[PDB]
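> what's the 3D shape of this:
(one chain, ligands or ions: 1)
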Amino acid sequence: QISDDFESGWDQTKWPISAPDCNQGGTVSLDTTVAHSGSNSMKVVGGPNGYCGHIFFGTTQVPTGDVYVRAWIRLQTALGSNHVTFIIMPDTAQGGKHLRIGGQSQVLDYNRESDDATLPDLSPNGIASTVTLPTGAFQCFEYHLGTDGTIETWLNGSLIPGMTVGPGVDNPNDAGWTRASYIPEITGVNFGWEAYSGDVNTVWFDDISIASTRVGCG
Ligand SMILES: [Ca+2]
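Numbering: from 1, shown residues only. There you are, the coordinates:
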């Protein structure tokens, strides 16, 4: 459980840098000119050096059991076709490999590092069932990881059907995700930018809350 409006700045021990394996060219900084709440947010700029250009800040202060994450997110450039990532969660259910939230085929999705599965399937109907991340303004992004396989995702309070799965929940485009039984067991949440293609973008994060209960959009 952890929250931050960044109005007291960037506490670097609360929100350390993460750049697994390699670190070349990405930046994390407090921005005092772009924000959702108040004056400040966290600005992440991916470096132009493929995967190694990645960078994140994050925390291991995550509850066990149900987890709700909420962040206000501003994206500079529209999501393209390439596979990109802006949230990584080390996952015990994948032996430490990452549950990722990002973009592919111009829309938001989940991705498992272990087997490269996506939620939704990136079929035409799957793509239609998820959404783009609008640019140039802070968006309220929230998700819930349950204990029974449930995953729920909201943008500006509206459920994203393609990015929602779980016991008895009818998602017609969840085949890749549910091939094997998968229940997340995350140990951290990291916010930033990563792209194997070397796609560069700038993403700002403000008003982060991680909790055992639904946060909402204020
Ligand atoms: Ca703020």
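
> is it fair to say residue 143 lies in a strand?
Yes. Under DSSP: H, G, I helix; E, B strand; the rest coil, residue 143 sits within a strand.

> how about it, what does it touch?
By CB atoms under 8 Å, 6 or more residues apart in numbering, the contact list for residue 143 reads 68-69, 101, 151-154, 163. From N, CA and C alone the C-beta is placed, and that goes for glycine too.

> separation between it and residue 91?
Distance, residue 143 to residue 91, by CB to CB, to the nearest Å: 14 Å.

> Kindly report the same for residue 74.
Where residue 91 is concerned, residue 74 sits at a distance of 26 Å (CB to CB).

> same deal with residue 123?
Separation of residue 123 from residue 91 (CB to CB): 25 Å.

> cool, residue 110 as well?
Applying CB to CB to residue 110 and residue 91 gives a distance of 11 Å.

> between these two, what contacts are shared?
residue 99.

> Give me the nearest residue to the residue of the chain at minimum distance from the ion, chain neighbours excluded.
At 3.6 Å from the ion, residue 37 is the closest residue in the chain, using CB to the ion. Leaving out its chain neighbours, the residue that sits closest to residue 37 by CB to CB, 6 or more residues apart in numbering is residue 5, at 4.5 Å.

> Hmm, residue 42 and that neighbour touching each other?
No. Applying CB atoms under 8 Å, one finds residue 5 not in contact with residue 42, separated by 10.8 Å.

> Of these two, give the one with the bigger neighbour count.
Per other CB atoms under 10 Å, whichever of residue 5 and residue 42 has more neighbours is residue 42, with 23 against 17.

> on that earlier part again, and the residue of the chain closest to the ion, what is it in contact with?
So residue 37 contacts 5-7, 72, 206-207 (CB under 8 Å, 6+ apart).

> 10 Å instead, please
4-7, 72, 138, 206-207, 218 (CB atoms under 10 Å, 6 or more residues apart in numbering).

> With residue 22 instead?
49-54.

> try residue 204
Taking CB under 10 Å, 6+ apart as the test, what residue 204 contacts is 6, 31, 34-36, 40-45, 71-76, 138, 191.

> From these, list the buried ones, please.
Those of these that meet the buried threshold are 6, 31, 34-36, 40-45, 71-75, 138, 191, by 16 or more other CB atoms under 10 Å.

> Quickly check: the helix or strand where residue 203 lies near the ion or not.
In the assignment (DSSP states H and E), residue 203 maps to strand 202-211. Yes. Using CB under 5 Å from the ion, we find that strand 202-211 touches the ion at residue 206.

> Can you tell me the strand partners of that strand and which way each runs?
Next to strand 202-211 in the sheet, as set by DSSP bridges, lie strand 2-4 (antiparallel), strand 41-45 (antiparallel), strand 67-75 (antiparallel).

> now the longest one, how far from the chain's geometric center?
So that's strand 67-75. In terms of CA atoms, centre = their mean, to the nearest Å, the gap separating the centre of strand 67-75 from the centre of its chain is 7 Å.

> okay, that strand in PDB with CA atoms only?
Presented in PDB, the C-alpha positions along strand 67-75 are these (Å, rounded to 0.1, in the frame of the first residue of the first chain):
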ATOM      1  CA  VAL A  67      -4.400  -5.300  -5.500                       C
ATOM      2  CA  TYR A  68      -5.800  -2.200  -7.000                       C
ATOM      3  CA  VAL A  69      -3.500   0.300  -8.800                       C
ATOM      4  CA  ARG A  70      -4.500   3.700 -10.000                       C
ATOM      5  CA  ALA A  71      -2.300   6.200 -11.800                       C
ATOM      6  CA  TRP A  72      -3.000   9.400 -13.700                       C
ATOM      7  CA  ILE A  73      -1.000   9.000 -16.900                       C
ATOM      8  CA  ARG A  74      -0.200  11.500 -19.700                       C
ATOM      9  CA  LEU A  75       1.300  10.100 -22.900                       C
END
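
> Sweet, I'm off.
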